[PDB]
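Worksheet: the structure to be examined is printed underneath.
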Amino acid sequence: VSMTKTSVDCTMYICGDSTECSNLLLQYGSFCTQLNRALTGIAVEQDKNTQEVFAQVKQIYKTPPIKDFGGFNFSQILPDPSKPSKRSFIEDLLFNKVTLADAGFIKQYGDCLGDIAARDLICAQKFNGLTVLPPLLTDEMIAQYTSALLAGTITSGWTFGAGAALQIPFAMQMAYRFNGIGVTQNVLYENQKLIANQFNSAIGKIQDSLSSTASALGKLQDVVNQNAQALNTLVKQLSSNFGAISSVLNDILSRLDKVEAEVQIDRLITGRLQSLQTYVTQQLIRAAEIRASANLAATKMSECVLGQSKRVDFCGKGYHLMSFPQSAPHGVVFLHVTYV
Amino acid sequence: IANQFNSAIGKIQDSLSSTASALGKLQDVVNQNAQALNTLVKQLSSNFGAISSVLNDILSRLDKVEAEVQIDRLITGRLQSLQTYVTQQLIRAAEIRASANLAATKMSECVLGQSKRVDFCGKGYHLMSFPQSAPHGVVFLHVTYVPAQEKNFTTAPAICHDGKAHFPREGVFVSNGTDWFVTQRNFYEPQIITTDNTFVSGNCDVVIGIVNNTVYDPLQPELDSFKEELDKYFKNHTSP
Amino acid sequence: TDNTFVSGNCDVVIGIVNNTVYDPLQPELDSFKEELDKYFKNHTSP
Amino acid sequence: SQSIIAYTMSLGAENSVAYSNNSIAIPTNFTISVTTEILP
Ligand SMILES: *[C@@H]1O[C@H](CO)[C@@H](O[C@@H]2O[C@H](CO)[C@@H](O[C@H]3O[C@H](CO)[C@@H](O)[C@H](O)[C@@H]3O)[C@H](O)[C@H]2NC(C)=O)[C@H](O)[C@H]1NC(C)=O
Ligand SMILES: *[C@@H]1O[C@H](CO)[C@@H](O[C@@H]2O[C@H](CO)[C@@H](O[C@H]3O[C@H](CO)[C@@H](O)[C@H](O)[C@@H]3O)[C@H](O)[C@H]2NC(C)=O)[C@H](O)[C@H]1NC(C)=O
Ligand SMILES: *[C@@H]1O[C@H](CO)[C@@H](O[C@@H]2O[C@H](CO)[C@@H](O[C@H]3O[C@H](CO)[C@@H](O)[C@H](O)[C@@H]3O)[C@H](O)[C@H]2NC(C)=O)[C@H](O)[C@H]1NC(C)=O
Ligand SMILES: *[C@@H]1O[C@H](CO)[C@@H](O[C@@H]2O[C@H](CO)[C@@H](O[C@H]3O[C@H](CO)[C@@H](O)[C@H](O)[C@@H]3O)[C@H](O)[C@H]2NC(C)=O)[C@H](O)[C@H]1NC(C)=O
Ligand SMILES: *[C@@H]1O[C@H](CO)[C@@H](O[C@@H]2O[C@H](CO)[C@@H](O[C@H]3O[C@H](CO)[C@@H](O)[C@H](O)[C@@H]3O)[C@H](O)[C@H]2NC(C)=O)[C@H](O)[C@H]1NC(C)=O
Ligand SMILES: *[C@@H]1O[C@H](CO[C@@H]2O[C@@H](C)[C@@H](O)[C@@H](O)[C@@H]2O)[C@@H](O[C@@H]2O[C@H](CO)[C@@H](O)[C@H](O)[C@H]2NC(C)=O)[C@H](O)[C@H]1NC(C)=O
Ligand SMILES: *[C@@H]1O[C@H](CO)[C@@H](O)[C@H](O)[C@H]1NC(C)=O
Ligand SMILES: *[C@@H]1O[C@H](CO)[C@@H](O)[C@H](O)[C@H]1NC(C)=O
Ligand SMILES: *[C@@H]1O[C@H](CO)[C@@H](O)[C@H](O)[C@H]1NC(C)=O
Ligand SMILES: *[C@@H]1O[C@H](CO)[C@@H](O)[C@H](O)[C@H]1NC(C)=O
């Protein structure tokens, strides 16, 4: 649904506190503002992508105190009241299963210097002018929007999508579903205890699958890994000579006088300018893959969660009954329920 | 329905006349096109380390053997400025294509049709949509049915009348608290529960939450009214 | 006749099969004929 | 008396929908809504 926001300031990346270099970098004109402006365009689009996927209700629905859903057991996908973050059991699995780089939540020297400065990459990225901004919506606010869509789905069916939420008993909602897939509603009511046991058992396999297998969240970990590998590659390009006598502007300025320091520095400015434009082009292209994924995820939220879909194999494999959204780090997970 | 629609179009007419914050998606495209060209024109001012931003000054001051070194800096920085503009435009143009293919999909599914897709053709249940042109874009006026004034009702998944269980053919069973009816799912038009409104399957022991009420047979008053005719004829024909 | 609808003669449909179609109004009218005959049979006596 | 305030954003109006195992809400009336969607 999104990727890590980043701002990279052209000045501390290229010139790294050298005012001497800064007076050369101005000779390349508006390239710095184009980079800053670009990355700001990507960073605002991450909040928009998250807003369009999750904020599909203007009302925060909540579940009734009595869980009488006709024998269906949503307790594993609904919020847990006992937890300090209002995640469901399946969301707390999904949140452990992705290993992040920089949430943006206040990095403040004591964590940055000394013992941790060896193993941690994220502090060194910050020291070189690369910064990761936090999302507009916390993982608590995504968990609340996901709760509203799920509590709306189990209490109200599709009606909370089309207008105000209208209560219906859950076995009568599930009958309107069966009728949608061309199965007559008495096939639910005559088999309801079996249909609930099949659903409750199937939700149990999601618990076990997510607890067991390492490959499940590959579509999300490969976003976090591309963010981290591109940032590491951009930090590593500060090591490059570009044909100058040193990788470090302070060395060149220690050794040389202005007349030829300008020639050694011009090379480092050039290549560094080229290293940022490469990263920002790669990030603009990636951001278009993530926006194409977010617009699909918003379309699936609208058509599989707020509704029921006639579209074959769109809302999982089978004939679609309903779907439950779940939050994940930088993503969304749909539990599609299908009649097979 | 016509007065609600005529008033709703009247609010589009007023809204578009009133508020500046509406066509922001289109003005953003014109602004990004204008900004990118202004930035590419401003890059002609940049020295790139040459003695001047202006190519004729270098050709005024210097002879070819070193004018070419000053020129090669400007060629390099300018050529990098074009590739930056053209990459930005190639990327942006893919966003406008994605927007156009969505607009073509909405033209096909919302204007040339009616969509069962929830929230694809405006907020509500989709009835129809009207396209309107705009500078570099399209506006769709989506027309939607939205359910408005609700009442609560008691309901049941089935009715029991003769140990046989009954389900609606279409719609849902509702009760005002004293009597029972079928209504269509999305609008309250209650009807007497009959063998035309409902279908039978199995007996009342399997359906959780089934309720007792009579189910009317509309053929029975015909055969009853003809039984009264039959008796009055037989009673008369005791006399001849 | 409530599970099915009628259109055309059997000569046009490729692969059509013969079977009875039940009319649920017919046993109502048949039971109404047995009721009519028991009334007329009793009516021989007065 | 105007100033810049800062606040945690409200996601929407909080709403406990009145679910019960035998209760249904049905609309007795409707509004035709016309809504504008804008695309490049
Ligand atoms: C909905 O399904 C839930 C998951 O199966 C179920 O919760 C589970 O219920 C069992 C039986 O009560 C618990 O088993 C444990 O019970 C206590 C817990 O302190 C232990 O002392 C026992 O040794 C035993 O391990 C599960 O732990 C419990 N799982 C969770 C995640 O809570 C619900 O009860 C079902 N809901 C309804 C309404 O039936
Ligand atoms: C539940 O819905 C029922 C059907 O609309 C409704 O019953 C109907 O109530 C009206 C009065 O409000 C009756 O109207 C008759 O009243 C007397 C009867 O002797 C006559 O003088 C009048 O001319 C008129 O015919 C309806 O006859 C009656 N229908 C039936 C089938 O009994 C209930 O009142 C509703 N209950 C609630 C709680 O809203
Ligand atoms: C819905 O209507 C049903 C028909 O009126 C009714 O079923 C009847 O329920 C009673 C009580 O369970 C049974 O009464 C008999 O119970 C035992 C023998 O089974 C005896 O001890 C009693 O003396 C008495 O004979 C009826 O036999 C039963 N009738 C049928 C045809 O099943 C339901 O109880 C009603 N339910 C509700 C909630 O209204
Ligand atoms: C399906 O049921 C049909 C009605 O019972 C049946 O039609 C009958 O078919 C036979 C053979 O074609 C006809 O028999 C007559 O054929 C000629 C005259 O047409 C004579 O030489 C024979 O002696 C005999 O009279 C029936 O007349 C015909 N009935 C009707 C109403 O058309 C189909 O054959 C059955 N098909 C199958 C596969 O079961
Ligand atoms: C269904 O909802 C309709 C609104 O969406 C509602 O229409 C409104 O009806 C009232 C009267 O009940 C009208 O009020 C005006 O009526 C006349 C003038 O026409 C005056 O005497 C009144 O003082 C008042 O000005 C509303 O103008 C009308 N609104 C619209 C948009 O037509 C229906 O009444 C509702 N229908 C049902 C069956 O509940
Ligand atoms: C639909 O019903 C809900 C709740 O159930 C009703 O509660 C009583 C008021 C009574 O009508 C019972 O027979 C029903 O079972 C209604 O929700 C209440 O709304 C009012 C404000 O209008 C609020 O003060 C109460 O706290 C709400 N109660 C609960 C439990 O949430 C709702 O108003 C009914 N809708 C309509 C259109 O009548
Ligand atoms: C509905 O809930 C009540 C308690 O409020 C319970 O007694 C009843 O058995 C339930 N009925 C059904 C059909 O689930
Ligand atoms: C009674 O039967 C006679 C014929 O036998 C007929 O003329 C008369 O109209 C009948 N009246 C009624 C009320 O059926
Ligand atoms: C079906 O195939 C059989 C041969 O297996 C053939 O005799 C028959 O005519 C075919 N029937 C139809 C309705 O096509
Ligand atoms: C026969 O007719 C008489 C009235 O003439 C009636 O009392 C009796 O019950 C009838 N019996 C039958 C079997 O119809």
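Labels for the structure tokens follow display order: chains A, B, ..., residues from 1 in each chain, ligands from 1.
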
Residues within 12 Å of segment 1-8 of chain C, please, as a list in words. Count only C-alpha atoms; anything in the same chain fewer than 2 positions from it doesn't count.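 Near neighbours after the sequence-gap exclusion: residues 195, 196, 198, 199 and 200 of chain B; 10, 11, 12, 13, 20, 21, 22, 23, 24, 25 and 26 of chain C.
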
Distance filter 7 Å, only C-alpha atoms, chain D against chain B, as a ChimeraX atom specification: /D:22-40

Output C-alpha atoms of each residue in that selection to a file, as an mmCIF file, in the first residue's frame.
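Resulting contents of part_33.cif:
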data_model
loop_
_atom_site.group_PDB
_atom_site.id
_atom_site.type_symbol
_atom_site.label_atom_id
_atom_site.label_comp_id
_atom_site.auth_asym_id
_atom_site.auth_seq_id
_atom_site.Cartn_x
_atom_site.Cartn_y
_atom_site.Cartn_z
ATOM 1 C CA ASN D 22 -32.915 -11.062 14.823
ATOM 2 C CA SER D 23 -32.843 -7.271 14.017
ATOM 3 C CA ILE D 24 -32.773 -5.764 10.498
ATOM 4 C CA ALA D 25 -32.834 -2.131 9.323
ATOM 5 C CA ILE D 26 -34.626 -1.495 5.996
ATOM 6 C CA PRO D 27 -34.862 1.876 4.194
ATOM 7 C CA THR D 28 -38.379 3.282 3.848
ATOM 8 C CA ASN D 29 -37.065 6.011 1.503
ATOM 9 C CA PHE D 30 -34.073 6.950 -0.712
ATOM 10 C CA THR D 31 -32.109 9.931 -2.036
ATOM 11 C CA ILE D 32 -30.893 10.069 -5.625
ATOM 12 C CA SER D 33 -27.391 11.582 -5.190
ATOM 13 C CA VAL D 34 -25.438 13.080 -8.088
ATOM 14 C CA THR D 35 -21.684 13.081 -7.414
ATOM 15 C CA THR D 36 -18.785 14.418 -9.515
ATOM 16 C CA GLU D 37 -15.612 12.399 -10.284
ATOM 17 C CA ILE D 38 -12.710 14.149 -12.068
ATOM 18 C CA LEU D 39 -9.911 12.411 -14.040
ATOM 19 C CA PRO D 40 -6.915 13.597 -16.112
#

Contact set, chain B to chain A: 8 Å, only C-alpha atoms, as a PyMOL selection string: chain B and resi 39+42-43+45-49+77+87+91+95+117-120+123-125+146-148+157+167+201+206-208

Dump of C-alpha atoms for the selected residues, as an mmCIF file, in the first residue's frame:
data_model
loop_
_atom_site.group_PDB
_atom_site.id
_atom_site.type_symbol
_atom_site.label_atom_id
_atom_site.label_comp_id
_atom_site.auth_asym_id
_atom_site.auth_seq_id
_atom_site.Cartn_x
_atom_site.Cartn_y
_atom_site.Cartn_z
ATOM 1 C CA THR B 39 12.551 24.722 -14.573
ATOM 2 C CA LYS B 42 15.643 28.407 -15.860
ATOM 3 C CA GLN B 43 18.423 25.782 -16.283
ATOM 4 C CA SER B 45 20.953 30.345 -16.555
ATOM 5 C CA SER B 46 23.265 27.766 -14.920
ATOM 6 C CA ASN B 47 27.039 28.093 -15.441
ATOM 7 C CA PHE B 48 27.950 24.390 -14.935
ATOM 8 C CA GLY B 49 31.432 25.831 -14.123
ATOM 9 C CA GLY B 77 24.841 20.385 -18.127
ATOM 10 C CA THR B 87 12.639 11.172 -17.744
ATOM 11 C CA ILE B 91 7.249 8.910 -15.785
ATOM 12 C CA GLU B 95 0.561 8.300 -14.495
ATOM 13 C CA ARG B 117 -19.035 -2.773 -8.816
ATOM 14 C CA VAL B 118 -19.275 -1.181 -5.363
ATOM 15 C CA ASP B 119 -17.920 2.413 -5.210
ATOM 16 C CA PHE B 120 -16.519 2.183 -8.811
ATOM 17 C CA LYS B 123 -20.737 6.567 -3.797
ATOM 18 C CA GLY B 124 -24.040 4.618 -3.502
ATOM 19 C CA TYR B 125 -25.701 1.977 -5.680
ATOM 20 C CA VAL B 146 -28.713 5.952 -1.704
ATOM 21 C CA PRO B 147 -31.050 4.414 0.942
ATOM 22 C CA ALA B 148 -31.992 7.150 3.448
ATOM 23 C CA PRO B 157 -34.373 -16.656 8.280
ATOM 24 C CA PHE B 167 -37.944 -18.896 2.584
ATOM 25 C CA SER B 201 -37.519 -26.631 1.405
ATOM 26 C CA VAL B 206 -33.025 -27.814 10.882
ATOM 27 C CA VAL B 207 -33.313 -23.993 10.436
ATOM 28 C CA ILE B 208 -31.832 -22.158 13.449
#

So which one's closest to chain D, A:337, A:1, A:143, A:261? Using only C-alpha atoms, please.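 Ranked by minimum distance to chain D, first place goes to A:143.
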
Residues up to 8 Å from ligand 9, counting only C-alpha atoms and all ligand atoms: could you list those as a list in words?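 Listed by chain and ascending number, the contacts are residues 14, 15 and 16 of chain C.
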